[PDB]
Amino acid sequence: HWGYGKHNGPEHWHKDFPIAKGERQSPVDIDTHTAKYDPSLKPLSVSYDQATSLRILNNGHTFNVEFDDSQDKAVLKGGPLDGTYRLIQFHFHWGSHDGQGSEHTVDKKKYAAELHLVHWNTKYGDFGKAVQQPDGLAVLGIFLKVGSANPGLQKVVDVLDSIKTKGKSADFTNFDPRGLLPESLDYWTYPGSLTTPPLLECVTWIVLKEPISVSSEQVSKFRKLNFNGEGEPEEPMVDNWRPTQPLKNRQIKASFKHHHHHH
Ligand SMILES: [Zn+2]
């Protein structure tokens, strides 16, 4: 079965999932000089006031916070997107140490972790239909930059001890995902994929340029989770990130001017 280790990790996934070598794979390195500022890119509209979190779970590859996506409670619109995308879950990727953990990189810089807020296009009626479509998902990616403690992450950190091994889950209600957003919503965007098998090319990626903070103590609690199930040999859940993939025939667009000397 696929994983993140030496024998079953990302460099092996193509054997069972040939789309791993596809045209539109994620994550990518965001080369900020090469990216194209598009002055027509519209602002994002993050409407999370009515978000309803339900459960937190260790799925053996990350932990997910699941939301009630039965109505337009928490939605993402705008930017490169047509219509409305409903928030279904968020999860993180992180490292064995503070110097790595993100999936996207920025000018080859790795952050300590990356948050993925996963939304599906209401055009398609449910997640399972949406994931089969090229415009099915929108993932909002947010970097976690190691530094001062982040109160917005603390309710998450404080429940992780309850989900240490694969298959465990816990109640997780009234969590406000607005607390995980940076002040600026300027972004890069490109068409890409799920970053785990089956690696489907169904995602409009929206990566925020401004990171959020996380302390070393907070991210260390992520590293206390385990990939394995209870009773199997201990395999700490660390380095659950896929390496960057080639852009190929894509161009990353920026909603903003990152380098003033280029404009
Ligand atoms: Zn992810």
Side-chain angles (χ1 to χ4, degrees), residues 1-5 8-11 13 17 19-20 22 24-30 46 48 53 55-67 69 74 76 81 85-96 100-106 110-121 127-128 130-131 136-145 152-153 156-157 160 163 169 172 175 177 180-182 187-208 211-212 214 219 222-223 225 227 237-245 252:
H1 197 265
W2 67 265
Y4 290 98
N8 65 354
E11 299 293 326
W13 291 352
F17 302 95
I19 201 177
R24 312 193 304 271
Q25 290 292 292
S26 295
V28 298
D29 180 54
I30 303 168
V46 180
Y48 286 178
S53 65
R55 298 285 287 186
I56 192 170
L57 61 97
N58 178 334
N59 66 13
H61 51 274
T62 183
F63 67 90
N64 278 11
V65 174
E66 298 283 346
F67 289 80
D69 65 340
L76 181 68
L81 304 174
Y85 287 66
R86 282 188 191 161
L87 179 64
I88 184 168
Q89 57 100 322
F90 67 76
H91 62 274
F92 299 82
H93 300 269
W94 64 90
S96 53
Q100 61 193 41
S102 65
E103 295 213 301
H104 295 87
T105 56
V106 179
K110 297 177 161 80
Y111 292 89
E114 188 173 331
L115 166 62
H116 292 166
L117 293 132
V118 179
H119 310 78
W120 59 272
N121 191 341
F127 181 88
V131 79
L137 295 187
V139 184
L140 183 59
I142 304 181
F143 297 118
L144 282 64
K145 178 182 180 193
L153 288 171
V156 171
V157 167
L160 292 181
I163 60 155
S169 64
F172 197 64
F175 181 73
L180 298 178
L181 302 173
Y187 62 87
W188 296 282
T189 187
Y190 72 98
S193 75
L194 308 178
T195 65
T196 48
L199 300 168
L200 299 178
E201 298 176 335
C202 62
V203 180
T204 303
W205 279 97
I206 299 167
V207 177
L208 297 187
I212 68 176
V214 63
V219 69
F222 294 10
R223 306 190 189 116
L225 301 169
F227 290 122
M237 185 178 285
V238 296
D239 295 318
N240 62 344
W241 51 270
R242 189 188 187 191
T244 61
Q245 301 302 313
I252 301 178

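Counting starts at 1 for both ligands and their atoms, following the listed order. FYI, the numbering just counts along the sequence from 1.
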Any donor-acceptor pair under 3.5 Å from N64 side chain to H91 backbone: no
Verify the distance criterion only: is there a donor paired with an acceptor across the side chains of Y85 and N121 at less than 3.5 Å? yes
Could you go step by step and tell me if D69 and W120 meet the side-chain hydrogen bond (donor to acceptor under 3.5 Å, both in side chains) rule? CA-CA 9 Å; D69 65 340; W120 59 272; 2.8 Å; yes
Do the side chain of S53 and the main chain of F175 share a donor and acceptor less than 3.5 angstrom apart? yes
Quick one: does any side-chain atom of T244 pair with a main-chain N or O of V28 as donor and acceptor, under 3.5 Å? no
Run through the protein N/O/S atoms less than 2.8 Å from the Zn ion (ligand 1) and write them out by chain and number. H91 NE2, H93 NE2, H116 ND1
Judged by atom type as modelled, is there a donor-acceptor pair below 3.5 Å linking the side chain of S193 to the main-chain atoms of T195? no
